[PDB]
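Residues 365 to 516, 525 to 570 in the authors' numbering are what the sequence shown lists, from first letter to last. By construction, the Cβ of each residue, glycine as well, lies at the ideal position given by its N, Cα and C atoms. Working notes, beginning with the structure itself.
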Amino acid sequence: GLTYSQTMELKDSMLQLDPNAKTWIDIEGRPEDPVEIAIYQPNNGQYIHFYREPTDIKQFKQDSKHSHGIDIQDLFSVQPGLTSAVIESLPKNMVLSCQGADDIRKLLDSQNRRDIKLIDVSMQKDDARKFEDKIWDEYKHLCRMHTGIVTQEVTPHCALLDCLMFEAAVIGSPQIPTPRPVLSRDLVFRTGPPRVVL
Ligand SMILES: [Zn+2]
């Protein structure tokens, strides 16, 4: 749960999106227990990107070793309630682009956001990840949450980077306008342990 001031800040930051502009959505974790969400507007580079601590541990451990490589300890300090707070304040009758719409449709429906429509780009597996290596080379710094060795040894899946590479595959080039986060780190994470005095 967010505070009154955190709520005002998020809504204010979210209004930076153009409600009509092309907007991607991607998620890591199952739709009833998501761990990473990304909403991205390729034209202006703006993105909403946050995390969530999981409730089902056994699945999470499976998803960590075979998909996202996230260590659960790195999620202990993330701000709770962001998933419902974000989804609630997305514009009325918004349209979202995505790769595989099944899970995202379930997630939006669970939030009573049936008014939000999805466009599944439905690319083939490898066509969607053509520019995976280049996107990781350039934008790895944007998300350091994928620390574990993933096996299917492969590149971990990041909700954010997946949006960027899906846009890249659609346009045919890894050349996109610079991605910029719309959320402050102080909203995504809880102030962590105090600095070790050195
Ligand atoms: Zn990530």
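Checking the sheet assignment: what are the DSSP bridge partners for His-510? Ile-434
Fill in: Those residues, in chain order, that have a beta-carbon closer than 6 Å to some heavy atom of ligand 1
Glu-400, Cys-507, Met-509, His-510, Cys-530, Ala-531, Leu-532
Is the beta carbon of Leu-482 closer than 8 Å to that of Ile-499? no
| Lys-481, DSSP secondary structure in three states | strand
**OP:** Could you work out which residue in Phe-440, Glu-400, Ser-453, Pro-406 is closest to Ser-431 when comparing CA atoms only?
**Re:** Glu-400
Tell me the rounded alpha-carbon separation between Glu-452 and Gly-445. 11 Å
Please say whether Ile-548 and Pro-398 have beta carbons closer to each other than 8 Å? no
| said: So, at 7 Å on beta carbons, what are the nonlocal neighbours of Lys-456 in its own chain, with the 5 sequence-adjacent residues on each side left out? | reply: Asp-479
Reduced DSSP secondary structure (H/G/I, E/B, other) of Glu-496
helix
Query raised in the report: What's the gap between the Cα of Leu-439 and the Cα of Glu-417?
Result: 5 Å
For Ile-403, the nearest candidate out of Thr-367, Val-450, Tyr-368 (CA to CA): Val-450
- Three-way DSSP call (helix, strand, coil) for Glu-417 in this model: coil
*asked:* For the beta strand (DSSP E) containing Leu-460, name the first residue and the last one.
replied: 459 to 462
Check for me: the beta strand (DSSP E) holding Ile-543 runs from which residue to which? That residue, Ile-543, is in no beta strand (DSSP E); its alpha helix (DSSP H) goes 531 to 543.
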